[PDB]
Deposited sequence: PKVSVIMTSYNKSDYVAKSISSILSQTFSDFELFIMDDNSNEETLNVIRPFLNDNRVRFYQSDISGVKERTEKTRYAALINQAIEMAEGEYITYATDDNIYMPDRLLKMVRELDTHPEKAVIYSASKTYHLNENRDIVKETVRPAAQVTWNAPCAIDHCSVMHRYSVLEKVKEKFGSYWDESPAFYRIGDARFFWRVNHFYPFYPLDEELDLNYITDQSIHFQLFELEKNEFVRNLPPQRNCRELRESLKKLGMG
């Protein structure tokens, strides 16, 4: 397939079907969908079950269990890295179990990369709907080419060439960073690595949406943050 879509899943039984269905109904159909479930509860697994009948879906479930294992690494990064190693697509893209793809997301993003060989990473605008019906509507625009993506661009808003992964792994030893010090902002850290080599090209359309209204947290290491990443890129001076 042209595109590999990598989705991570963990215990969002009330949202995951909408997410998966939004991917499977894309107008561009030439993709494989990795559903990397991190050993979710019964309810979640049962909502995911019927989707496994679509031949484009590649389902993998970890054996992760307990607070030690859940905090040993940034789980979704470990899962993404695993998917990346099995991927066949020329273009890579990400999804989560509570994010919805708009129907023409893949078509448009594929077309942008097919049409501009000079662009290696692209990003779209993203929208969030607040519920309480709708009360608030937020949009994260994509108006400029950026060498400083961390914390300005989300997980589910990007698509890139497989070749980018090559570069990143050559310099850093892995694709995404599994260190649990980057648990809250794993996508930002991956973007930080990419931004050592590639800028992010905008596609000014809203192509993904989010709907919104402890022993785990207490067992992570101290969490590094955005400023730290952004400041480090600002240095460097790639743009």
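Extract from the deposited sequence all ranges with no corresponding C-alpha coordinates, numbering residues from 1. Several regions go unmodelled: 133-135, 217-229.
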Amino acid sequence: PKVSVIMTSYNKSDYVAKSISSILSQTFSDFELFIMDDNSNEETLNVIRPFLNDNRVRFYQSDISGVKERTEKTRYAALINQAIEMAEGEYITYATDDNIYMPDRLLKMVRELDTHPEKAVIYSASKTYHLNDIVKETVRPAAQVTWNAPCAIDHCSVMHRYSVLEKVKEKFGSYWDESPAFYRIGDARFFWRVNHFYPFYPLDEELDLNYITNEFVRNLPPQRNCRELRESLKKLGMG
From here on, numbers count along this sequence of modelled residues.
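Other compared entries missing residue 39, a third or more: Across the other compared entries, residue 39 is absent from none.
Do a third or more of the other compared PDB entries fail to give coordinates for residue 214? Missing in at least a third of the others, so yes.
Going by the B-factors listed in the PDB entry, is the mean over the C-alpha atoms higher for 123-131 or for 102-110? The stretch with the larger mean CA B-factor is 123-131.
Which is higher on average in the deposited entry, the C-alpha temperature factors of 170-178 or of 39-47? Between 170-178 and 39-47, it is 170-178.
Return the residue from 214, 62, 55, 29 that has the highest Cα B-factor in the entry. Across 214, 62, 55, 29, the entry lists the biggest C-alpha B-factor for 214.
Comparing residue 73 with the other modelled residues of its chain, is its CA B-factor in the lowest, middle or highest third? Ranked within chain, residue 73 CA B lands in the middle tercile.
Taking the C-alpha B-factors as the PDB entry records them, is residue 148 in the lowest, middle or highest third of its chain? Answer is highest: the recorded C-alpha B-factor places it there.
Where does residue 13 sit by CA temperature factor within its chain: lowest, middle or highest third? Middle third - that is where residue 13 ends up once the chain's C-alpha B-factors are sorted.
Comparing against every modelled residue in the chain, figure out the third that the C-alpha B-factor of residue 197 lands in (lowest, middle or highest). Answer is highest: the recorded C-alpha B-factor places it there.
Hey, what third does residue 183 fall into on Cα B-factor, ranked over its chain? Highest third, going by the recorded CA B-factors of the chain.
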